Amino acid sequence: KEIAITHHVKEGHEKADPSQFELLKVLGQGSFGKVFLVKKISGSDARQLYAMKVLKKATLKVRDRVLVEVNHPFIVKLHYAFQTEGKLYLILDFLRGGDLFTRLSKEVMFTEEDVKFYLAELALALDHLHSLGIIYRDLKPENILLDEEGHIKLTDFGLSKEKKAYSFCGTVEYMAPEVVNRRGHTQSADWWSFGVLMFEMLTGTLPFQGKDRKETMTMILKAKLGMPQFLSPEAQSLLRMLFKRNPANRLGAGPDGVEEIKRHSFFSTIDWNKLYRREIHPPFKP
């Protein structure tokens, strides 16, 4: 019922305040609502243009991550997040004409061909965040945006809808077993969530889902997955390899990380260089 934003800050982070920004424009951006276009006044990113959101009733959680940063084609970043007079200010990559991946998934039926495109961009994005020291934990469709051209933009910040408060409050359906049991986890937990995203894109349903959180948790830990037989052998194989309960056995967990996924037969048709250059067209345009 309330928005919680999670900001994964870098080591050299420079705290910001309202005074460090010049207001340029006020835009109405559909799903994004009222967006201020602002210009950074000082610091290393002086003169950079950003989107600013001002949230009336939101909580902010700031976390540490595990070179000057450059843009990645498939990520939007939260640059600054600060609270002033009961308000939360978010300074974000400007994403004009952007929209929600969830809006798309509700409107379309994804085929395996469609999903290969979206998951390939998402894999590049997720691996990049890992290289930056960000572990997602409960990567989910709410984290996935689309630019005006229809390409994936994964948010580098957490966003959820949140009795006692918790430092981490994730959506259980997307959580790996080792995350559910709070025994310790790594970037490999995110490849499980990646598999959950893939499963949901392909079937319109979640692979582990009970009546309550408690039941869903037990299913994630112990439930055998009923693999939909309409899926190709390649799709089936990828999902089985992502849904290994022991993270050590999970695809993407070895030293080569995301390469294990890029080399999987499910993605055999993807040219990863062309993809990164944004030279492959999306299945759906917003």
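The numbering used is simple: start at 1 and walk along the sequence shown.
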- prompt: How about residue 166: is it missing from at least a third of the other entries compared?
  reply: yes
message: Among other entries of this protein with both neighbours modelled, does residue 66 go without coordinates in a third or more of them?
response: yes
query: What size is the break between residue 66 and residue 67 in terms of deposited sequence residues left without coordinates: none, 1 to 3, 4 to 9, or 10 or more?
result: 4 to 9
message: Can you tell me how many deposited residues have no coordinates between residue 112 and residue 113? The categories are none, 1 to 3, 4 to 9, and 10 or more.
response: none
- request: Give the stretch, out of 70 to 78 and 164 to 172, with the larger mean C-alpha temperature factor in the deposited entry.
  value: 164 to 172
query: Mean C-alpha B-factor higher for 3 to 11, or for 276 to 284?
result: 3 to 11
task: Could you say which of 105, 188, 181, 143 has its CA atom at the highest B factor, as listed in the PDB entry?
output: 181
field: Maximum C-alpha temperature factor, selected from 215, 121, 148, 93
entry: 215
CA B-factor placement of residue 100, once the chain's modelled residues are sorted into thirds: middle
query: According to the PDB entry, is the CA B factor of residue 192 in the bottom, middle or top third of its chain, that is, lowest, middle or highest?
result: lowest
query: residue 206: which third of its chain by C-alpha temperature factor?
result: middle
task: Could you look up the Cα B-factor of residue 137 in the entry and say which third of the chain it sits in: lowest, middle or highest?
output: middle
statement: Among the modelled residues of its chain, the C-alpha B-factor of residue 198 falls in the third labelled lowest
